[PDB]
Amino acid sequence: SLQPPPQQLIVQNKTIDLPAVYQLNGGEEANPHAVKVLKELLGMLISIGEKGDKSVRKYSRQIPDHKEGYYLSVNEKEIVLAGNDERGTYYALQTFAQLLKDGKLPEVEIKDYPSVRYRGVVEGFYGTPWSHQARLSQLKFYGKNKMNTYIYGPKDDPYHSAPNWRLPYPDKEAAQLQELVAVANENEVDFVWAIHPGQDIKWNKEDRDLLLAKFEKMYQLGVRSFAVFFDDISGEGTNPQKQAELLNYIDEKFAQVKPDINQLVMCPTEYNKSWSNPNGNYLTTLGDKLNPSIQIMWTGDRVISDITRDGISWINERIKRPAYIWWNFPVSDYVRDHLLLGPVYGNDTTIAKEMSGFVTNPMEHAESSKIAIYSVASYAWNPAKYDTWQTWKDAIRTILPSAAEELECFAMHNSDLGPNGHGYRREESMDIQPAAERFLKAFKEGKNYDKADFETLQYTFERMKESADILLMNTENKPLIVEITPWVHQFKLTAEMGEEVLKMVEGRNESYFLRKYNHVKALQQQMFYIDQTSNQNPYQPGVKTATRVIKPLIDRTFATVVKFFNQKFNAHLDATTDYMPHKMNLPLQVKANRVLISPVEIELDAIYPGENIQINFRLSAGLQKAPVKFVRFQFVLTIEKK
């Protein structure tokens, strides 16, 4: 499965062998980055070059007349790799590398080019910025998948955002950035350095010069594309006239003055329809006043959304140019306890002409995001032929060949975001969703359930456990495994709980049932400890997994079978589904050093120093470290733990 799929492919159902002896025509005059790839890969004539080179004159009418276009031919007599331009030749080679299987090439002719001009990744999330090593890995991944754009803009980099956007990077970070630009250039990626000055920018000469001064420093490190972001700010930095004037100044005094600057992009304050005032002048001001070479970014009809024909028509009409899409998936920075490892879908596949670019905002988990990134690369290059599920499967097998089926199992049940303030959800566990939904309907109402449905759930829990143990021990992609490990532990526990809960449904005798029930309570407690010890970030601490379909099913099944046990044996077993050490009909929650009522008396499991209490029917009272176990009366106690 060539990824991205070429615009045009004719296959001959013959194969040849990579020539053991070959003649290379055009090596000294073709893109040096393309020649190095070809030489790594390896008489029969092999012709490599860009349109205009002597080496490729015979094929000049086969070469697509598109930026980043190429002609690739393999037959009995010869191999041709001909770009419309240097980047096209590199890309011919990336397709060539995928065709070569076990010293053998199929007989093929390809004519190819991208449908969207700018394709790639914006590292533009809140959270821990990617590591240097992660970024190096990403850049190489982008070259293989024909992504030409990497926008550097981590919200939490103090040299990118306020107030230290004014300061040059220190030497060590500066040397790192320089290395990234070198590696980007080698993989035919535009490194686009972004700045986020809007929260404390003064519209004066001092701050304008400081911004230009910073861009000059980045230029000296080798940066040749630049962005200015005005997202998620308030105050005087939201002024569109001043924003347009600053960007026009950067364009006129810097972008159009240097010998070799490429992209100049801006992200607006009104960056989606819901955040834009239909009766305000903001977007029209930018559209009218911004120099026509400046790109304007857009996230769709909401902060988190997929791109539709109508939504993009709306923005394009106002900004008077095709929108440069900032797509907010798989970014998880607002559901930080979830991994979003499902397929890329929901974006209109017929609107390439209406966009100047398409970039993905990924997770803080660099390797994990490669599933979506590979898929966005495929989509943006050939939207017409974009295949959601095949691409997801191809991504997984690329990322983890040694355990592709195991990663598919884990990813397929780690796709949804759960409820959230952005209203954005994805499908999860759809394969088993109907079996789950039947089983539980039947079971809850005392009608007999189908054996096949019970077996399906059983098979699922078994395969999850296998997948988890195998993924833990995988050494093919260590950085991926480090990223997901906490979720994998939680995924195994979920599967073990499901297995035990189903043995309870098969309920042999009272004694066996009680063993199973006690095993389940222990598993709940183990899940709570992971949720409190792993991924303890300030915003959505912990680890959630298989949340849309599997966890609800296991929970409701458990509560149901305990209710029936209590009726049959006149018993009083606790049917609660999440473990909670503190006692309070709403469920308590524990988040860091807070104990919380999910929106009279609370008894903690020990005496703690009390920090404060926040109630809300903004009530507040510090407890000055006063010992506290009981608390009688949002509703949030904070304690020293801490």
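So that there is no doubt, residue numbering starts at 1 and follows the sequence shown.
S.K.: When the other PDB entries of this protein are compared, is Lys14 left blank in at least a third of them?
M.R.: Per the records, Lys14 is modelled in all the other entries.
S.K.: Looking at the other compared entries that model both neighbours, is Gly237 missing coordinates in at least a third of them?
M.R.: Per the records, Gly237 is modelled in all the other entries.
S.K.: When you step from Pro599 to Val600 in this entry, do you jump over none, 1 to 3, 4 to 9, or 10 or more residues of the deposited sequence that have no coordinates?
M.R.: Gap size class: 10 or more residues without coordinates, per the record.
S.K.: Is the mean CA B factor in the deposited entry higher across 119 to 127 or across 305 to 313?
M.R.: Result of the comparison: 305 to 313.
S.K.: Determine, for stretches 329 to 337 and 406 to 414, which one has the higher mean CA B-factor as deposited.
M.R.: Result of the comparison: 406 to 414.
S.K.: Which of these has the highest Cα B-factor in the record: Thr284, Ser534, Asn75, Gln526?
M.R.: Top of the list by C-alpha B-factor: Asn75.
S.K.: Which one, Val344, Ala452, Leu290, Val488, has the peak C-alpha temperature factor per the PDB entry?
M.R.: Of the candidates given, the C-alpha B-factor peaks at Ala452.
S.K.: Would you mind ranking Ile550 by its C-alpha B-factor against the rest of the chain and naming the third, lowest, middle or highest?
M.R.: Within its chain, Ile550 is a middle-third residue by C-alpha B-factor, going by the deposited values.
S.K.: Thinking about Cα B factors across the chain, which third does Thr560 belong to?
M.R.: Ranked within chain, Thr560 CA B lands in the highest tercile.
S.K.: Ranking the modelled residues of this chain by C-alpha B-factor as given in the entry, is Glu445 in the lowest, middle or highest third?
M.R.: Answer is highest: the recorded C-alpha B-factor places it there.
S.K.: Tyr249's Cα B-factor: lowest, middle or highest third of the chain?
M.R.: Tercile = middle for this residue's CA B-factor.
S.K.: Which third, lowest, middle or highest, does the C-alpha temperature factor of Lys544 belong to within its own chain?
M.R.: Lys544: CA B-factor falls in the lowest third of its chain.
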